[PDB]
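Taken in sequence, the protein lines are chains A and B. If you read the first sequence in this note's numbering, its first letter stands for residue 33, the second for the next number, and so on. If you read the second sequence in this note's numbering, its first letter stands for residue 33, the second for the next number, and so on. Every residue, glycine too, gets a C-beta built ideally from N, C-alpha and C. Down below is the structure, laid out as structure tokens.
Number of protein chains: 2
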Amino acid sequence: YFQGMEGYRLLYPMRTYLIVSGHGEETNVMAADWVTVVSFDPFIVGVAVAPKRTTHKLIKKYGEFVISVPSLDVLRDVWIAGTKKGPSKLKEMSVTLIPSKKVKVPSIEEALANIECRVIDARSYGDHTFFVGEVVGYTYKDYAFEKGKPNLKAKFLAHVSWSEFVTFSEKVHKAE
Amino acid sequence: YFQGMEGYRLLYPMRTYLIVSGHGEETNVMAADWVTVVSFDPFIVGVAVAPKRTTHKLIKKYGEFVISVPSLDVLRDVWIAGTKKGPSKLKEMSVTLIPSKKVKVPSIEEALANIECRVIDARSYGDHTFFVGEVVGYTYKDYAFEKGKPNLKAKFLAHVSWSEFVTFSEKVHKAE
Ligand SMILES: Cc1cc2nc3c(=O)[nH]c(=O)nc-3n(C[C@H](O)[C@H](O)[C@H](O)COP(=O)(O)O)c2cc1C
Ligand SMILES: Cc1cc2nc3c(=O)[nH]c(=O)nc-3n(C[C@H](O)[C@H](O)[C@H](O)COP(=O)(O)O)c2cc1C
Ligand SMILES: O=Cc1ccc(O)cc1
Ligand SMILES: O=Cc1ccc(O)cc1
């Protein structure tokens, strides 16, 4: 409405993830920045999803979602997920759906990690629904997390501005 | 309880922010990874805070908080915020509290950005409270956001493993 840099930009750069929803013929994927962990034990996550997203419809329908973690190498698939709508986009995507362990929603095999979630809350704040999901299963690529921490060579993906992305430095600073 | 890499590590690396709470004598700061935007218009944020944090007490008391954005250069102050407890830590911190525009909670002048929040919800999920706040005012450093986007030279801070941190590459990938 009022040109200027919107206030949400102050939290950026933010990690970019993929959200998978539905199953079989209805299987969808969208990009999502607005994701965070909300509890350590039980493991619970949340994602802000606008009502207008096909992903919002599929999450409400089935009560499950998958957070797949993409690398910088699949930015093209990530961009499609973030720009096109609903399950027909998968026919432009370089992605392989594999079953998941506890949700019906599929996982993305190229993903660094897939986090399988059962929805336990849905609150409305402003123009998005915050979908809170209990992590009931997870898979990942061993090298991307080899020392029980994230391996920075794996090219974890972040978002700076609308069409611009970056990964992390490989230079680590120790706090103690 | 069961040694192994905990499931929350799969979302990492995550941005690290500071949370400011209370005012005057009660002014506190803690580190917080688990922060995300939940709405664009109105601008609304959320932060997962364990009940055991002094910050949890101060947020419930006053209903306000500030998300300050730290750079890699102040990792030492950030580590103190994330390791010590309650307002006495400020006497080890290289930080200058300045007033805020709409909350009573102060801002951190060295911060790349301070995001002034009025609490509008508090839900409990697992071992944390998710504090949802309406952004009612904000300030930032112009060079850190010079092109209306984040300036990567500013050294935005991220968290890889318990005591390890990194910033972003300055190398930008265009998605279109
Ligand atoms: C990097 C990036 C991050 C995004 N993050 C979110 C998000 O956090 N929440 C949201 O509702 N939409 C987000 N979007 C928008 C959706 O990904 C995009 O609108 C998508 O076309 C919706 O697809 P769908 O209708 O198939 O679900 C994002 C887009 C991009 C490119
Ligand atoms: C990098 C980092 C991130 C942190 N993130 C969070 C968080 O998201 N939520 C939380 O409750 N505690 C978090 N903590 C823990 C608090 O910052 C830490 O326990 C602090 O000592 C609590 O201080 P207080 O008791 O003065 O509030 C984090 C600590 C570090 C070092
Ligand atoms: O760019 C990130 C983004 C977040 C939420 C949206 O609704 C759309 C885009
Ligand atoms: O390391 C990040 C962190 C998040 C939540 C906590 O409660 C403690 C630490």
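DSSP places residue 109/B in the uninterrupted alpha helix (DSSP H) bounded by 107 to 113. If you ignore the 5 residues before and after residue 117/B, its C-beta comes within less than 6 Å of the C-beta of 86, all in its own chain and listed in chain order. Rounded to the nearest angstrom, the gap between the Cα atoms of residue 188/A and residue 45/B is 8 Å.
Proximity of residue 93/A to chain B, defined by a Cβ-Cβ separation below 8 Å, is not satisfied. If you check each beta-carbon in the stretch 36 to 64 of chain B against every beta-carbon of chain A, the ones closer than 9 Å belong to 36, 37, 38, 39, 40, 41, 42, 43, 44, 45, 46, 47, 49. Scanning 41/B, 40/B, 60/B, 73/B for the CA closest to the CA of residue 161/A turns up 73/B.
Where residue 50/A is concerned, the enclosing beta strand (DSSP E) starts and stops at 49 to 53. A Cβ-Cβ distance of about 13 Å is found for the pair residue 71/B and residue 65/A, leaving them out of contact under the 8 Å criterion. For residue 153/B, DSSP records a beta bridge to 164/B.
Residue side-chain check: residue 162/A keeps its Cβ at 7 Å or more from all non-hydrogen atoms of ligand 3.
Here the C-alpha atom of residue 206/A lies approximately 37 Å from the C-alpha atom of residue 138/A.
At least one CB atom of chain B sits nearer than 8 Å to the CB of residue 203/A.
Close to chain B, meaning a Cβ-Cβ distance shorter than 9 Å, are the following residues of the stretch 132 to 146 of chain A: 144, 145, 146. Nearest C-alpha to residue 91/A among 125/A, 55/A, 69/A: 55/A. In this structure, 78/B is the residue among 78/B, 67/B, 39/B with its C-alpha nearest to the C-alpha of residue 154/B. Secondary structure of residue 190/A (DSSP, three-state): strand. For the options 104/A, 96/A, 62/A, the alpha carbon positioned closest to that of residue 84/A is the one of 62/A. For the 8 Å CB-CB criterion, residue 163/A and residue 48/A do not form a contact. Shown here for residue 125/A: same chain residues with a beta carbon closer than 8 Å to its own, the five before and five after excluded, namely 61, 109, 112, 113 in chain order. C-alpha of residue 95/A to C-alpha of residue 157/B: approximately 17 Å in a straight line. Residue contact with chain B for residue 76/A: present (Cβ-Cβ distance below 8 Å to some residue of chain B).
Bridge pairing for residue 78/B: 68/B, 164/B [DSSP]. Within 7 Å of the C-beta of residue 118/A there is at least one heavy atom belonging to ligand 1. Ligand 1 never approaches residue 78/A closely enough for any of its heavy atoms to be under 7 Å from the residue's Cβ. DSSP, reduced to helix, strand and coil, places residue 96/B within a strand of the structure shown. Residue side-chain check: residue 36/B keeps its Cβ at 7 Å or more from all non-hydrogen atoms of ligand 2. A Cβ of chain B is located within less than 8 Å of the beta carbon of residue 182/A. Counting only residues of its own chain and dropping the five nearest sequence neighbours on each side, residue 166/B has a CB closer than 7 Å to the CB of 74, 76, 149, 150, 152. Residue 96/B is outside the set of residues whose beta carbon lies under 8 Å from a beta carbon in chain A.
The C-beta of residue 87/A comes no closer than 8 Å to any C-beta of chain B.
Here DSSP, grouped into helix, strand and coil, assigns residue 175/B to helix.
Interface residue (Cβ-Cβ distance to chain A less than 8 Å): residue 174/B is not classified as such. Residue 130/B is classed as exposed because its beta carbon has fewer than 16 other beta carbons within 10 Å across all chains shown.
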